[PDB]
Structure formats: structure tokens, C-alpha cells
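Residue numbers (full-length UniProt numbering): 4 to 419.
Some notes on the structure that comes next.
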Ligand SMILES: NC(=O)c1ccc[n+]([C@@H]2O[C@H](COP(=O)([O-])OP(=O)(O)OC[C@H]3O[C@@H](n4cnc5c(N)ncnc54)[C@H](OP(=O)(O)O)[C@@H]3O)[C@@H](O)[C@H]2O)c1
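Now the structure itself:
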């Protein structure tokens, strides 16, 4: 509807910058498989309640589809389809043998208990077994789905499969006790850190004691700031949550910021730092900028006032396309949000590899492998963005869609 057609429009805006076939563009627009299921559960009161579950596998030319599961009351098939179409290219940009998928249940998990959550997860797996699998479709954690739910669903899948294969590999984000992966907690942020270091290297600027402004202070934002300070030599000077923000040119301690927010519910009035708002945060003179909160933080109204040299879109959708154009014509190097947030997808791929191989990597090995994947993804995007003189998002889209086109042409799906 709205989101699916938005994804289709983004795909066409990418395709007009590359030599793709018309039949391939049409094939990419239509998701390969959509599964609607009536997921039944027995409520805690003894009644039976049926929810609507969606499993959309957008494409599997490059390999088994990889996609999250979302439990949000406002879910429609359009949102699932668009998101699946979108992490198709997420797994494409970072060179994974994956397709894109999305799972969803039209449900309000706020008033579902632990028993109800377990039953709903188990019943969703019972409904969507025939269309999933370790080599076919790998669900992953997403909004309102925590690794406890995935332990439950892996249990159900191994129960139904009778443990004939690598059950652990059917889904990702499982608890560390049963087929979990190290680096899953700090994954997206750490991959964003590798991309930030690579962008600084490409731009020609060194990160020793530079300035980074991080907007949004969820787990991802705190990890991004902490890892940037610890590794890159970043002197973070300002961080904001939804409620408010702080500024301190002397540098910040992300551990202290997290402690303050936990103690007081927000980062408001952190000691030693002036209280500022998010719009104050966006225009600050920093070297790196990283938005990690609600989508479309940067708008056309506040794009020409950005002074940061590098923008790392840690959060999804944070910059409007015309604001992206403004930042491009300002000499500001960006990082596409789906290219930036590819750390979680890369570590989920790593977890799947560990499950399939039966061998579990250390946090060290995971870190170096994520480093390699993230660096090659960013460098491919930047090199296409240099050769074709196109935007960051356009370059990443070109890389992803070119890979998917090559996968289909090799599979024979599209003869042209
Ligand atoms: N792109 C991908 O494919 C992919 C794959 C994996 C992960 N990811 C990313 O990584 C994140 C993984 O999700 P997450 O689980 O880490 O989100 P999270 O922020 O840890 O959410 C956990 C939720 O569980 C509840 N909770 C926490 N502790 C609890 C306790 N002791 N008892 C009861 N409830 C508790 C919390 O709400 P209450 O406290 O109110 O219950 C909270 O909302 C996602 O946000 C996603 O963006 C992405």
C-alpha cells in the first residue's frame, strides 16, 4: 500500500541509475512468496484467540531468505512486504548468501503474558513451518520480539522437524545457552563503528580525538557512542534521547550517561553538561554525526545547517531524501542507513553459519569477520559512489540490486 509502494519507488529510483532489465525490475517489485496464516492460541482464560500472521519472502536468488519477526498491532501486509523487500538489499549490500524476508503477527504483546507469548510464538512456527527452514527462510529478532521468543520458536521448530537437521539455524538471535552468538548485543553499533572508521579513512580525516554527536540513546546509541569512544578515539560531546539531550565539549562518558538515564528515566540534566534539545544536537560542529532514534530526524528544514563531516545513519530512515541531497551538495559524506545498520544482519548470518557448521566462534573471531564484511560492504558502496558520481544511498542500492540481478541471471530466472 503506502510502505510497499515506497519500497517499489526506491527500487525504481535505484534502477534508473543502473543497467537493469525491465523484466528483472518487475520481478523484483513482486515478492516471491507471501504466506498468510491464522495463528491460533489458547488464551489464559481458556478461550481461543486467532491472530493474523504474515511471512513474506521477497527474494531468494542470492540464497535463503533472512528476515525479522515483528509483533505490532498496526502491522499490515504492506509493511511486511516493504520491509522484506528492504532487507533483501540489506543482505545484498554486505555480500551475504541471503534473501530478504519478514515475519509479523497483528498482535498487542503488551497484554500478552509469558505463557501467551510462548504459545503465540509456537503457534506461529506451527503455521509457517512449511515455508521456512534453515536453508529456506531464517527469522530474526525485531521489535517486540526478544531472544526468549526465539528460544521458544527454535524449540517448536526442532520439535516439528524431529531434529532431522540443524534446527539452531532456522532462526537467529537465539539465547547464548542454546545456539546463541557472541557479539549479538553490540552488533549493529559495532558494525556502524567499523563503517565510521572506514568513512573517515576514505574521506582522508583521522579520528584521533575527534568529535562525534549521537542523537538517540537506546541500546544501539549507547553502544555506538561507547565503542566509538573506546576504539576510534572519539570524544563524544553531545547525546540526546527522546526526552532531551546534553552537551559537553570536554567529552562524555557513555557509561555515566547510561547510568544517569537509568537512574532518572532520561539523560536530562546530566552533571557537567548543558541541557540541549535534539534540534540543537543536529546542527552542532562535530566530525561524525549518528542519528539513533525515530525515523526522519533530519529534514529539509534542518539539512543545510548540518556542520558534521560524516553522517552515520545508525537508525533506520533518519534522513529524508532531499535532505540527503542537501548533505551531498554540502560536501558531507554520508552512510546509508541500511548499509550502516548491517552489523545486526551480518552477525545473524554469522550465527547461522555457526549453527550450520556446528562450530561456535569466539567474540574475537566474530569481531574480525564482521570487520571484514563491513569494510568490504562500505568500500564497495563508496567505490560505486565514486565511479558513478551518485549518492550514498544510490550507490548502496546499485550494489545490492546489481548483486541480486546477477544472482537471478545466474539462476536463469531472468534471461535478459
Ligand atoms: N536486522 C535484523 O535482522 C536484526 C536481527 C537481530 C537484531 N536486530 C536488532 O537488535 C535488536 C534486538 O532486540 P532486543 O531484544 O535487543 O530489544 P530490547 O531493547 O532488548 O527489548 C527487550 C524487551 O523485553 C522486555 N524485557 C527486558 N527485560 C525483561 C525482564 N527481565 N522481564 C520481562 N521483560 C523484559 C522489555 O520490555 P519490558 O521491560 O516492558 O518487558 C523490552 O522492551 C532489535 O531492536 C533489532 O533492531 C536486528
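A virtual CB, placed ideally from N, CA and C, is assigned to each residue, including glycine.
Asked	Found
Inter-stretch contact at 8 Å, needing at least 3 Cβ pairs: the region 236–245 / the region 195–212	yes
DSSP-derived helix/strand/coil call for residue 292	strand
Distance cut-off 8 Å: residue 178 Cβ against heavy atoms of ligand 1	no
Length of the line joining the Cα atoms of residue 324 and residue 121	40 Å
Cβ neighbours of residue 347 in the same chain (closer than 6 Å, five flanking residues each side left out)	190 and 191
Cross-strand partners of residue 313 (DSSP beta bridge)	291 and 336
Backbone CA spacing between residue 48 and residue 164 [nearest angstrom]	30 Å
Pairwise C-alpha distance: residue 184 and residue 87	23 Å
Residue 104 beta carbon less than 9 Å from that of residue 60	yes
Cβ pair count under 8 Å reaching 3, the region 311–318 against the region 280–293	yes
Backbone secondary structure at residue 216 - three-state DSSP	strand
Nearest-angstrom Cβ-Cβ length linking residue 249 and residue 277, presumed shorter than 8 Å	7 Å
Nearest-angstrom Cβ-Cβ length linking residue 17 and residue 404, presumed shorter than 8 Å	5 Å
Given 8 Å, three or more beta-carbon pairs between the region 333–347 and the region 60–69	no
Residues near residue 100 by beta carbon distance below 7 Å, same chain, minus five either side	65 and 66
DSSP state of residue 364 mapped onto helix, strand, coil	coil
Delimiting residues of the beta strand (DSSP E) encompassing residue 196	Residue 196 -> not in any beta strand (DSSP E); alpha helix (DSSP H) instead, spanning 190–206.
Within the region 33–61, ranges of the alpha helix (DSSP H) (whole runs, at least 4 residues)	none
Proximity of residue 147 and residue 169 at Cβ, strictly below 9 Å	no
When 262, 281 and 289 are compared against residue 253, the one with the closest alpha-carbon	289
The region 9–27 / the region 35–45 touching (three or more Cβ pairs under 8 Å)	no
CA-to-CA distance, residue 220 to residue 272, given in whole angstroms	15 Å
CA-to-CA distance, residue 301 to residue 153, given in whole angstroms	34 Å
For residue 178, the nearest candidate out of 197, 155, 393 and 150 (CA to CA)	150
Counterpart residues of residue 74 in DSSP-defined beta bridges	108
Among 45, 414 and 385, nearest to residue 401 - alpha-carbon criterion	385
Residue 390, DSSP secondary structure in three states	helix
Any non-hydrogen atom of ligand 1 within 8 Å of residue 69 CB	yes
Contact test: residue 147 Cβ vs ligand 1 heavy atom, cutoff 8 Å	yes
Burial state of residue 22 (16 or more Cβ within 10 Å)	exposed
9 Å Cβ cutoff met for residue 182 and residue 157	yes
C-alpha gap between residue 34 and residue 84, whole angstroms	7 Å
Between the CA atoms of residue 31 and residue 375 - distance to the nearest angstrom	28 Å
Contact under 9 Å by Cβ, residue 406 with residue 96	yes
As assigned by DSSP and simplified to three states, the class of residue 4	coil
Counted within 10 angstroms of its Cβ, other Cβ atoms place residue 396 as buried (16 or more) or exposed	buried
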